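Working notes for the structure below.
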Amino acid sequence: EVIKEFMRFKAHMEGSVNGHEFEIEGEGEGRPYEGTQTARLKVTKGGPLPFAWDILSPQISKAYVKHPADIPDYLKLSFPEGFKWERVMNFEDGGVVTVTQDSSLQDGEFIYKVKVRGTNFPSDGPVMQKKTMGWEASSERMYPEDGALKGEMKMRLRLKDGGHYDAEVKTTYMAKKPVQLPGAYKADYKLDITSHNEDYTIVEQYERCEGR
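FYI, the numbering for the sequence shown is 6 to 65, 69 to 220, going by the authors' numbering.
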């Protein structure tokens, strides 16, 4: 049908973190029913970034989440029109990241438009000093509320110096048509940076996500 067993995507991201503006463009591919995907991203403006790429990686794809048959796959069902999402991440040291995203399907490939704002990150923190080392696996609590599918999760970022750096995350995912919302369930994620040049202006990532 509209969602094939293999799908490519194009992504464009604009934003600002602690006042630093940037643009990122990327292309990816994956297997939406198996919950797996990879992408190649390039910082096209504002590179090299003065902050950890790790805060941007989750803002680059929910059409690729493996679901059981008895769970309506609301975000897949939303296509060809698609869906929008709005996210707020509250980090333990007061940093905040907010995101608004549009997902659409244009002639057989997914199109992602992302806007990112980060603010209040301590200048001496792991984000502005780039001391981060990738996200631990996460479980997102999914639940229907107010005509939308909501997600909530605590995410933990590994630090290069030893510890962990935590965020509280809340996201609203909204189909462009009112397709069948699921009941409550959990989506488990693993997101890895698989390749990156010295300054991270070219980065590759891989993610597996499965609803339980």
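Beta carbons: idealized from backbone N, C-alpha and C, even for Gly.
Taking all protein chains in view, the Cβ of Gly170 is surrounded by fewer than 16 other Cβ atoms within 10 Å, so the residue is classified as exposed. In the DSSP assignment, the residues bridged to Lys178 are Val96 and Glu160. The Cβ atoms of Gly31 and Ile8 lie no closer than 8 angstroms to each other.
For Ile29, the secondary structure class from DSSP, reduced to helix, strand or coil, is strand. Boundaries of the alpha helix (DSSP H) harbouring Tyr82: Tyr82 to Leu85, taken from the DSSP string. Rounded to the nearest whole angstrom, the CA to CA distance from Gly103 to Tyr173 is 11 angstroms.
The region 206-219 and the region 89-107 do not touch, with fewer than three beta-carbon pairs separated by less than 8 angstroms. Its Cα nearest to that of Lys184, the residue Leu83 stands out among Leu83, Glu215, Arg164 and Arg166.
Taking the C-beta atoms as reference points, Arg220 is found nearer than 8 angstroms to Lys194. Between the alpha carbons of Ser111 and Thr140 lies a gap of roughly 28 angstroms. Out of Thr202, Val135 and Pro80, the CA that lies nearest to the CA of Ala44 is found in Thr202. Counting C-beta atoms within 10 angstroms of its own C-beta, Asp81 has 16 or more neighbours from the protein chains shown and is therefore classed as buried. For the 8 angstroms CB-CB criterion, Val107 and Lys123 form a contact.
Counting the other CB atoms within 10 Å of its CB gives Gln109 a total of 16 or more, which places it among the buried residues.
Of the candidates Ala145, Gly116, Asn23 and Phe56, the residue whose Cα lies closest to the Cα of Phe11 is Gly116. Distances from the CA of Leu199 to each of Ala145, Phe56 and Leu46 were compared; the closest alpha carbon is that of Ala145. With 16 or more neighbouring CB atoms inside 10 Å of its own CB, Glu215 falls in the buried class. Under the criterion of beta carbons closer than 8 angstroms, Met161 and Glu148 qualify as touching, at roughly 4 angstroms. In the three-state scheme derived from DSSP, where H, G and I count as helix and E and B as strand, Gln137 is classed as coil.
Counting only unbroken stretches of 4 or more residues, no alpha helix (DSSP H) element lies wholly within the region 187-214. Residue pairing of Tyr151 in beta bridges, as defined by DSSP: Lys158.
The region 35-53 and the region 125-142 do not touch, with fewer than 3 CB-CB distances between them shorter than 8 angstroms. Per DSSP, the unbroken beta strand (DSSP E) holding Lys123 starts and ends at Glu117 to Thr127.
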